[PDB]
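So this first bit is one chain, no partners, the form solved without the RNA, shown in structure tokens.
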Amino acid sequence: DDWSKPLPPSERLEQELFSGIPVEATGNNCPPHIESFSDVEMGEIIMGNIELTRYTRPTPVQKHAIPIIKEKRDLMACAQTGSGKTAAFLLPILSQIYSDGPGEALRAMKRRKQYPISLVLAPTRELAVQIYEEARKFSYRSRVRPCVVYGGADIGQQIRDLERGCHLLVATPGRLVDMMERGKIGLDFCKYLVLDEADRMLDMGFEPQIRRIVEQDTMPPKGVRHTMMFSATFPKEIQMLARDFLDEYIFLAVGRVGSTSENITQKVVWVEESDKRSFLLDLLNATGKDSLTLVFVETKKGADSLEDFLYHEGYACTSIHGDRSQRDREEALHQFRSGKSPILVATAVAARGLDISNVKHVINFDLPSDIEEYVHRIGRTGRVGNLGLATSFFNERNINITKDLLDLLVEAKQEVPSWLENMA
């Protein structure tokens, strides 16, 4: 049929969905930015819903982003959160899908295995749900049916949610890979790809999964598909990712991009191995007892030992490791956001692809051997809006990383221990 004409409204539905500065651009032929949602005939379903959704003027991001996207041009955008980046890609993407129609491929087959027209990859359940909920707002009265899947939840209901129809898919990388291997999702006709919060997805170690999804499967190559990345920070691993996934794109930054962090306090202390346990105890005693704490250690043997130690000195802690049985799983995780056990001891490898959310204090009991992993770990601080904290224990075992750590601290505008320079 037709995908520009709105469907009959449902009043049951609207009450559900609808509860009441410099900018830099870098690249060829970047189409001029925009006044108001009115320039570019998005189409009725969009502004129909735009007025429903309280949006009055697009956001600074939404405004350099939405036209670039509508003009079939890849982009790499940097913006702090609360900047309205979600609607920035959802609005124009969905607008196109409404105008162009499902597409001859899908049509030619109109259950079970689904082929999404658009794939949005998100780091966490919380953000994935967020994107999903606004997708519903802007797909209301359309024949586009969005879905969301994520880890740390029953896959059975998700699978069945998929089989009801899925044109726009929001997903955490680990769960999407699970769906593909199960034959539930195919990317053969995916025409729009979005990596929201890319830097964080890399911090949690989703890169192998993301490269499985994009590069190693049936997903249309760049130039054919339209690809968009949104990232707070812009590390080198991220510009390499943009190099590999994007095609002659436009670069956007509203506030100027910090290389990393900006909402984490960073504190390095010299602590001999002999003293780490006592030092940790002091750190924890100063913790706002409700605040969640993540403790990284090097080996599993070390993770079980420390956690054992903490539990007997009477702390509510849990461990995630791999001498551990696989479904103690989220049980450890699930106790973490519960506040039942505000201290989680873990190895970096055992925390790969785990949505360890709302962590206020990250403690590197042991430091990794490269600065890139160090960036990954302190990346587990939670919210944007609220300053987070990263304390690292350092000694002679960590000599190799002084200069990298020193440069990072300087570029992050953090206090530099006066002995650290002397070590380099």
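Shifts are known only where both forms have a C-alpha. We call the rigid core whatever largest set of C-alpha positions still superposes within 1.5 Å between the two forms. Numbering starts at 1 and follows the sequence shown.
FYI, the form solved in complex with the RNA isn't displayed, but the following is about it.
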**OP:** Mind telling me which stretch in 178-186, 321-329, 143-151, 69-77 gets its heavy atoms within 4.5 Å of the RNA in the bound PDB entry?
**Re:** 321-329
Original post:
Within 4.5 Å of the RNA in the bound PDB entry, heavy atoms considered, which of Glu237, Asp308, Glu298, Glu207?
Top reply: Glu298
Subject >> Partner-contacting position among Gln114, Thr233, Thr227, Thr347 - heavy atom within 4.5 Å of the RNA in the bound PDB entry >> reply: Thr347
Subject >> Any non-hydrogen atom of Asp370 within 4.5 angstroms of the RNA in the bound PDB entry >> reply: yes
Original post:
Though only this chain appears here, would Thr26 touch the RNA in the bound PDB entry if you measure heavy atom gaps against 4.5 Å?
Top reply: no
Subject >> Distance check, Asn400 to the RNA in the bound PDB entry, heavy atom within 4.5 Å >> reply: yes
Original post:
Hey, in the bound PDB entry, is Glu44 touching the RNA, heavy atoms inside 4.5 Å?
Top reply: no
**OP:** Select from 32-47 the residues with a non-hydrogen atom within 4.5 Å of the RNA in the bound PDB entry and write them out in sequence order.
**Re:** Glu35, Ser36, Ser38, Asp39
Original post:
Once you align the rigid core, which of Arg327, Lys72, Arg243, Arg164 turns out to move its Cα at least 2 Å between this form and the one not shown?
Top reply: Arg327
Original post:
Does the C-alpha of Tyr132 move 2 Å or more between this form and the one not shown once the rigid core is lined up?
Top reply: no
Original post:
Core-aligned, does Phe206 move its Cα 2 Å or more between this form and the one not shown?
Top reply: no
**OP:** For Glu415, state whether the C-alpha moves by 2 Å or more between this form and the one not shown after rigid core superposition.
**Re:** yes
Subject >> Shift in CA distance, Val61 and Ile378, in the bound PDB entry relative to the form shown here, given it is 3 Å or more >> reply: closer
Original post:
Looking only at residues in both forms, which consecutive runs of at least three have C-alphas displaced 2 Å or more between this form and the one not shown after fitting the rigid core?
Top reply: 262-352, 357-424
